[PDB]
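Enquirer: Just dropping in an experimental structure and the matching sequence.
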Amino acid sequence: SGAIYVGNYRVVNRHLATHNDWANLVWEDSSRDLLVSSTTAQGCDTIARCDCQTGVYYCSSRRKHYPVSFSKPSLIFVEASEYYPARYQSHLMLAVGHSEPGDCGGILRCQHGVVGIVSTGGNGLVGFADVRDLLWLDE
Ligand SMILES: COc1cc(Cl)ccc1CC(=O)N1CCC[C@H](C(N)=O)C1
Ligand SMILES: [Zn+2]
């Protein structure tokens, strides 16, 4: 679990969104595993606007932050689950690192702010759903 709170928005993994998130839906994209819902209170998380390929992510399964090098946002094949059939997930970035299913939602950050959230993993790899292209999160 885990979410990004910026302005009047909440960004979460689409597969972990709540009834409240869906009743306050702003935008969702199955192909990216993202859902954005509206909030009454303000969020102060700074979203990075950069092409950083290094950063730090939070791993709840280890109660630790890990530094990682990560790939450019791209279309990567992701195997089936109780949430999705097997498909290409877009805007996905991989790093060599530890993750487990309950790690989805952990934030990846660079020196410029929030880059994205944990969305996939397996085989010593961890995948992050990029959010740096969602320019409207600030305005
Ligand atoms: C961090 O997630 C891990 C990690 C490991 Cl090692 C093993 C399994 C998972 C879970 C995972 O990748 N899923 C299930 C939830 C939806 C995801 C998606 N974006 O399509 C795919
Ligand atoms: Zn950056």
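Expert: Now that the structure is in, tell me what you want to look at. Numbers count the residues shown, from 1 in each chain. Ligands and ions are numbered 1, 2, ... in the order given.
Enquirer: How about the secondary structure of residue 31?
Expert: Following DSSP: H, G, I helix; E, B strand; the rest coil, we place residue 31 in the helix state.
Enquirer: which non-adjacent residue is nearest it?
Expert: The shortest distance from residue 31 to any non-neighbouring residue, by C-beta to C-beta, 6 or more residues apart in numbering, is to residue 90 (4.9 Å). All C-beta spots, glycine's among them, are computed from the backbone N, C-alpha and C.
Enquirer: name the helices or strands packed onto the helix or strand where that neighbour lies?
Expert: Residue 90 belongs to strand 87-96 when elements are defined using DSSP states H and E. Under the contact criterion of 3 or more C-beta pairs under 8 Å, 6 or more residues apart in numbering; DSSP states H and E, strand 87-96 touches strand 64-69, strand 74-78, strand 113-122, strand 125-130.
Enquirer: Now distance to residue 14 and mean neighbour count too, for these, in TSV please.
Expert: Output for those, formatted as TSV (distance: least, C-beta to C-beta, whole Å; neighbours: other C-beta atoms under 10 Å):
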stretch	distance to residue 14	mean neighbour count
strand 64-69	23	13
strand 74-78	13	13
strand 113-122	9	23
strand 125-130	9	24
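Enquirer: Check which helix or strand the residue of the chain most remote from its centre maps to.
Expert: Distance to the chain centre peaks in the chain at residue 40, reaching 21.7 Å (criterion: C-alpha atoms, centre = their mean). Residue 40 is located in strand 34-44, with elements delineated by DSSP H and E.
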